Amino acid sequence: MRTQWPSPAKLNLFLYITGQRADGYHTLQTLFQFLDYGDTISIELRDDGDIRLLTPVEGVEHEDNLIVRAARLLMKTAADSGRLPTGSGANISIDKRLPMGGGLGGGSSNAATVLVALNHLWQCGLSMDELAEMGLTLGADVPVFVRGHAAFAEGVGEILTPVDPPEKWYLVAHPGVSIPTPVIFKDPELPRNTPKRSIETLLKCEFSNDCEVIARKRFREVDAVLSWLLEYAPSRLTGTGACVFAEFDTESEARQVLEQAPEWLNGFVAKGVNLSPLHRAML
């Protein structure tokens, strides 16, 4: 039997850079919300202990793909405690709708969905806590996706606190440029002294993304996408870009702006949700 699992995108509703660690990593205060939109992952169990990703993801080698790294990591960890049945394996395929990076966390979501799905299908019985712990080694966004709830993140992104921000409708655009996360974080003009604040304060303050000024300055087309969207609604960068989102109260307004917007915005409309579609589908 084949099973299908959601792999939703996320948005950083806000993102503040508070400083830099001894190793150059940046400490942050950020808010995650899921989009009811993303990739779909299909799994068929194997009994020969093999992991086979049947669908190539543009420019990513089999062993480099987060789907495969997640599956192997779970296999190894579960086997360490004797919680992996002999012969456990899987054929995996993905319907990839999300862009590469862009600040939507697509790869991290793929990894999280795989961890949760295989844990379930192989009957390993690991807790979401255990999955999120191993998931962190694959990236700070992974635990958020694994845990399934909108969350405020601190430290370098590893310290999570579940929260319940307003759920809005979003128009998410992407001009086509692939911005590598490290390119933004290494920029000399990037703000790195935003004061650390309490969750209560951050939730009542205007939402913004500290990376946006840099993204706009260095990528003309990101600046243009922002210019166009700001004509219609509050809009900002998510993650380190290049994706930008515009906020709306209803689906109808969002979709009407999408029809009006330049086609090169490559936009899609999706509802923000505080419970991940992955966990929702498991109810």
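Residue positions are given as counts along the sequence shown, with the first one as 1.
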item: 139 to 147 set against 97 to 105, stretch whose average Cα temperature factor tops the other in the entry; value: 97 to 105
item: Entry-level comparison of average CA B-factors, 176 to 184 and 128 to 136, reporting the higher stretch; value: 176 to 184
item: Candidate residues 17, 275, 22, 11, the one whose C-alpha B factor the record puts highest; value: 22
item: Options 81, 161, 209, 119 - largest CA temperature factor per the record; value: 81
item: Within-chain third of residue 70 by Cα B-factor, per the entry; value: lowest
item: Assigned third (lowest, middle, highest) for the C-alpha B factor of residue 191; value: highest
item: Within-chain third of residue 60 by Cα B-factor, per the entry; value: highest
item: Relative C-alpha B-factor of residue 205, binned into the chain's lowest, middle or highest third; value: highest
item: Chain-wide C-alpha B factor ranking for residue 41, given as lowest, middle or highest third; value: lowest
